[PDB]
Structures are given as structure tokens and as C-alpha cells.
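To start, the structure under review is shown below, and the notes come after it.
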Amino acid sequence: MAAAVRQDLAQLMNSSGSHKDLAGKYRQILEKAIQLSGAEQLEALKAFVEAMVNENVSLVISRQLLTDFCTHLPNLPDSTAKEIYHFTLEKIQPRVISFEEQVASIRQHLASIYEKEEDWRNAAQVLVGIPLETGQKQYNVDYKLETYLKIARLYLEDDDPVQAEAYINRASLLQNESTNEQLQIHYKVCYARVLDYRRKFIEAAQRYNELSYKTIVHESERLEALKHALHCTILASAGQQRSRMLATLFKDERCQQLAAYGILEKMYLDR
Amino acid sequence: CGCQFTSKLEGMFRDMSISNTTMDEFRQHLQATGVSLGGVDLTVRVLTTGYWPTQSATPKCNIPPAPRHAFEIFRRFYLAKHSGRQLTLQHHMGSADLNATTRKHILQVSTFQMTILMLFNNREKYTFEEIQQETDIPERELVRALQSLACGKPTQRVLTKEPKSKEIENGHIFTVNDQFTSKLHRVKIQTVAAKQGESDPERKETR
Amino acid sequence: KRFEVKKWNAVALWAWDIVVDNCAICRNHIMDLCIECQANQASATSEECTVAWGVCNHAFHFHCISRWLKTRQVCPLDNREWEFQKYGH
Ligand SMILES: [Zn+2]
Ligand SMILES: [Zn+2]
Ligand SMILES: [Zn+2]
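If you're matching them up, the sequences are chains A, B and C in order. Sequential numbering from 65 applies to the first sequence in my numbering. Sequential numbering from 43 applies to the second sequence in my numbering. Sequential numbering from 95 applies to the third sequence in my numbering.
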């Protein structure tokens, strides 16, 4: 019955009236389309998306109905809904300069879905597409920081340094603007992970040691960060900085808790 | 003079040189096909941010559809064959010719009221609320741009309204009058550039 | 329609980035210090060593091209050729 939905949308596009009545009728049509299933529901939602991006439909009507559509979709499982996500992302280009909140939400949802299916490469590609720099929505610093952090974390398991290095660069650029302490802790953890990954085992050990003496971080997470610091220090280039880091790490008792306690004991006590 | 802002003038003229070079190369581009239409008669220019100042804030207003297509084509070209630099959109400058239609008189819109004319192309008989809600339109500069077509108009009115009054209202409907008396096929409304006295604010800030 | 747009005379502004992840004089990176400073600590005071941007948009550490202008000669890319248009990335 997708043809009937498309015909109703086409007839309502040429209808004249108040914004509230048209919005209500379109919302009812969208709800009817959602009640469908399978290819019929897919085609009905595709027609709804095509109508929303159409020039004739009002700006407020289009943006609000796309928002409601994007809110209803996560209820439908990880399926052809992803195909219509791609279709809608490609569709938004004549009005991609007016509203981007819907585009950002679609990109975030698609990145989450790709992360669910062990796909960091495609999630990274999708989430890169966000226009954070523009400022035409003027996203708050926290949202841009979270987006760049998510891209950097995705790229770490997709194994592609160049772009994640630049993304960490930009996340640091906008980092000294944000407020949230937990977000800052997560950013520092991700930055230490990046340092550990590239070649910066000594700098990663320094960052992990700095993060180890924290309170809000979970005791298990604190122990994991300290273990990462210890392993980076062992794997670091053996020099004065590594010797100082080994001496510093020979003080924590939760270092003694770890299984590599003996290892750095051998390292620092000389053998 | 020496070299303090003579380099500013150098860059200013460099911008015009690059603009005309881009104009001729783009003419060669549309000479070789062009796929779809919408690029009927366009004049896009390339100016740098280091020689032309922003003015106030680098605004983020909307763009009419044919201008949207033109800007998209120019951005694609500049990111394809002039890569290594990205464009920034601003709303202060430009002009356009609006072909209206007993004769067909072509109007002139200075990049600000053409968004209102876009909303009218979709469907006219709008109001101030319609053009202030679905446009992301700026402040009273919008009022000056809008009053150009209706307020203070001689007998060549092209955007008439039912509530005939001097001050601007909110719930007022716009219409169109053919106005055969306007035999001029390139009639323009030059309400902007009323004076050039450099009002104190900008003088003080640059001082 | 009753109104149709025929021409347009827009002005398009552009910004210069050429973002890269490498340096020239210290051969390390765009950020993360240079040869003359090595580590982050040891009398940095919030790391007084940033990225310098020229009028041509080339990017180096401020210290790097500063010593380049100071040590070898000042004539190559002097105040007439190389400007100082920005400080920091
Ligand atoms: Zn440096
Ligand atoms: Zn230093
Ligand atoms: Zn410079």
C-alpha cells in the first residue's frame, strides 16, 4: 500500500492550509506508513523522505517530520532501515545548508548500527561526513568533542592512523573549550590509547600514569590504565625518560597487584 | 607609501585577477556541455578572506535554489581543480536579475530579498512570519531589503500588499502587479547604498 | 511561476588550510614539539611553542622557521616574502 501513501503525500503537497493541520495530516500519514512492514513499509518511508526533501513542503514541516521519522526508525531493527538511512543521507543536499541536526542524528545512528555489526571502518566513514566545522547549526563544544572522540576510537580498531591523527588534532583544538569532566577523562584515555598505538609508548605511559591517580575513574578502569602505563613503559625506548617512568611506577601498590609487577621490578632493579 | 596596506591592495587586485581567470575557465567548462540546467546565466567570483574582510560576523543565512545550485557547482569545481582550500559562505554582497511577468520585466535582487522571492516562487501570498520562520533570515537589514519592493515604491510596484501602510506589520499578504507602465526590462530597486558617510561605529572600530 | 531568477553575481570567500601531519625543519610533526624542545616538560610554562602560519599557508613550528630566519640568513623568505599571518594551529 506504499502507492496509496505516495499518492496521499502528493495530494497533500498541493494542499493549502494552516501549518499545524498539514503537519498533523503528514504525521498521521507517517504513522500509517510505519504501521506497514517489509518492502511496502520501505517504499512508503522512501516516499515520505522524498516528500520531506521536496522544495514545495515547508521548512518547519520538513525538519520536524524528518526528526520524528528519525526518532521512529531505531524501533525498527538493524535492517533495510540502514538502506533508507543511506538513501536519506544522499537525499539531503539541496537543504543540507538549512538543517543539519537531522543529518547529524542520522549519521550518529548509522555509526552506532555499524559499530554493532563489528564495523568500525564504515562507521568511521559515516561519522567523518558530519560537518562539524560549519557552525551553521553551531554545535556546542561537547557534541563536537564527542563526535571526534567517537571517530578516533572507531579508527583505532579499523587501524588507519593518518585520519585519526588529524581527528585527535582537531579534538585537541576544540578540547580546551569544553566543560564536562567525564568527557575530558574519556578524551584523555583515548589520547593515551592513540599515543600507545602510534609509536608514543613513553608519552602514552606518561598520560596513563597521569590518569591513574584519578577518582571518578573506576577502580577497575584505573587499574587497567595503570597496567597500560606499565606495559607501555616496558615497551618504551629504554632511556632516561623510561628509567624515570619505571622509578615512578615502582611506587604504586596496585602496580604490585598486577602480574607485570615482577617484570618492572626486574627492569628497575637492574638485570 | 611603504608596505603596510599596499600589500592589502596587491591582494585586493590579485583577487580580481583570479576572479576573471576563473570566469574564463568556467566559460570554457560550460562550453563543454553542462549536464543539467539551472546554470542559465551565472557570474561567480573568487575572492580571498585575507584581503576582503568579513564585515561583521560571517553570517549563515539560506540560499535560493538556483543560487544554491550555482554555489554547489562552484564549490565542487574549487574542491576538484583547486584543492587544498575550502570555501566559506557569507551573506553581504552580490546581485541578481529576477525575470518577472502585459510584458516581462526583469527585476533586480541584491542577494537578500531573493530568499523571500524563493519562498514566493514556491508559493506567494506569504507574510512576514512566513519569511522570518522558514528562512533563517537576519535582522533589520531584512526589513530594509523587504521594504525595497513594497515601501516607498513609484508606479512600477512588483510586490504589492493589501495593508497599504508606511510602517511594516507582521500579518500582511504580498501579491504581484503586472504594471505595464514599467516598460523597462531591467528595472532595479536601489534602496541600498543610500549614503556613504561611514557611520561612526565602523570608523571607531577601525580607529 | 510569477517570479523567476535569471542571473546571479555572488561573491564566494575561501579559507586556506592545507592541513598536513609533518614538519620541515625539525622533521617531527605539525604538533608534538620540535628538535629544539623535545619533551613537553622542563621549563615550558604551558608549552610556549606553537605553530606559525605564513601568508602562503605553509605551516611550521614557530621556533623552527624563527631559527631558520635567524640562523642561516634572513634574506630567504624575508619580511617581503614570508609573513606572519597566524600563531597556532
Ligand atoms: Zn616545533
Ligand atoms: Zn619545548
Ligand atoms: Zn609565515
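Cβ atoms here follow ideal geometry from the backbone N, Cα and C, with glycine treated the same way.
Top-ranked residue by Cα proximity to residue i, from the options
i: residue 91 of chain A; options: A:82, A:128, A:68 and A:106; result: A:128
i: residue 231 of chain A; options: A:240, A:213 and A:324; result: A:213
i: residue 126 of chain C; options: C:155, C:104 and C:171; result: C:155
i: residue 142 of chain B; options: B:75, B:68, B:159 and B:205; result: B:159
i: residue 134 of chain C; options: A:202, A:153, A:325 and A:305; result: A:305
i: residue 138 of chain B; options: B:248, B:148 and B:129; result: B:148
i: residue 315 of chain A; options: A:144, A:281, A:148 and A:332; result: A:332
i: residue 143 of chain C; options: C:104, C:158, C:151 and C:115; result: C:158
i: residue 205 of chain B; options: B:197, B:193 and B:68; result: B:193
i: residue 167 of chain B; options: A:71, A:75, A:303 and A:80; result: A:80
i: residue 126 of chain B; options: C:176, C:152, C:100 and C:106; result: C:152
i: residue 204 of chain A; options: A:240, A:103 and A:155; result: A:240
i: residue 299 of chain A; options: A:324, A:282, A:252 and A:208; result: A:324
i: residue 107 of chain A; options: A:272, A:66, A:320 and A:327; result: A:66
i: residue 102 of chain B; options: B:223, B:208, B:248 and B:180; result: B:180
i: residue 105 of chain A; options: A:144, A:85, A:322 and A:244; result: A:144
i: residue 132 of chain B; options: A:200, A:96 and A:224; result: A:200
i: residue 98 of chain B; options: B:81, B:183 and B:88; result: B:183
i: residue 278 of chain A; options: A:262, A:264, A:303 and A:245; result: A:245
C-beta contact flag for residue i and residue j at 8 angstroms
i: residue 129 of chain C; j: residue 120 of chain C; result: yes
i: residue 287 of chain A; j: residue 318 of chain A; result: yes
i: residue 215 of chain B; j: residue 189 of chain B; result: no
i: residue 256 of chain A; j: residue 309 of chain A; result: no
i: residue 162 of chain A; j: residue 134 of chain A; result: no
i: residue 187 of chain B; j: residue 155 of chain B; result: yes
i: residue 83 of chain A; j: residue 125 of chain A; result: yes
i: residue 212 of chain B; j: residue 170 of chain B; result: yes
i: residue 41 of chain B; j: residue 232 of chain B; result: Residue 41 of chain B lies beyond the range of chain B shown here (43 to 249); nothing can be said about it.
i: residue 90 of chain B; j: residue 57 of chain B; result: yes
i: residue 122 of chain B; j: residue 84 of chain B; result: no
i: residue 247 of chain A; j: residue 210 of chain A; result: yes
i: residue 142 of chain A; j: residue 194 of chain A; result: no
i: residue 128 of chain B; j: residue 109 of chain C; result: yes
i: residue 145 of chain B; j: residue 225 of chain B; result: yes
i: residue 146 of chain C; j: residue 97 of chain C; result: no
i: residue 164 of chain B; j: residue 120 of chain A; result: yes
i: residue 296 of chain A; j: residue 260 of chain A; result: yes
i: residue 171 of chain A; j: residue 190 of chain A; result: yes
i: residue 192 of chain A; j: residue 228 of chain A; result: no
i: residue 111 of chain A; j: residue 140 of chain A; result: no
i: residue 239 of chain B; j: residue 103 of chain C; result: no
Proximity test, Cβ basis, 8 angstroms: residue i and chain C
i: residue 176 of chain B; result: no
i: residue 226 of chain A; result: yes
i: residue 268 of chain A; result: no
i: residue 106 of chain B; result: yes
i: residue 109 of chain B; result: yes
i: residue 121 of chain B; result: no
i: residue 132 of chain B; result: yes
i: residue 229 of chain A; result: yes
i: residue 237 of chain A; result: yes
i: residue 170 of chain B; result: no
CB contact check: residue i to chain B, cutoff 8 angstroms
i: residue 189 of chain A; result: no
i: residue 119 of chain A; result: yes
i: residue 82 of chain A; result: no
i: residue 194 of chain A; result: no
i: residue 200 of chain A; result: yes
i: residue 162 of chain A; result: yes
i: residue 333 of chain A; result: no
Bridge-paired residues (DSSP) for residue i
i: residue 90 of chain B; result: C:108
i: residue 147 of chain C; result: C:153 and C:180
i: residue 260 of chain B; result: Given a span of 43 to 249 for chain B in the structure shown, any question on residue 260 of chain B remains unanswerable.
i: residue 198 of chain A; result: BP columns for residue 198 of chain A are empty, so no partner.
i: residue 139 of chain B; result: B:150
i: residue 98 of chain C; result: B:141
i: residue 203 of chain B; result: B:216
i: residue 129 of chain B; result: C:108
Neighbour flag for residue i against chain A, beta carbons, 8 angstroms
i: residue 203 of chain B; result: no
i: residue 117 of chain B; result: no
i: residue 212 of chain B; result: no
i: residue 62 of chain B; result: no
i: residue 157 of chain C; result: no
i: residue 183 of chain C; result: yes
Beta carbon nearer than 6 angstroms to a non-hydrogen atom of ligand 1: C:120, C:127, C:128, C:143, C:155, C:157 and C:158
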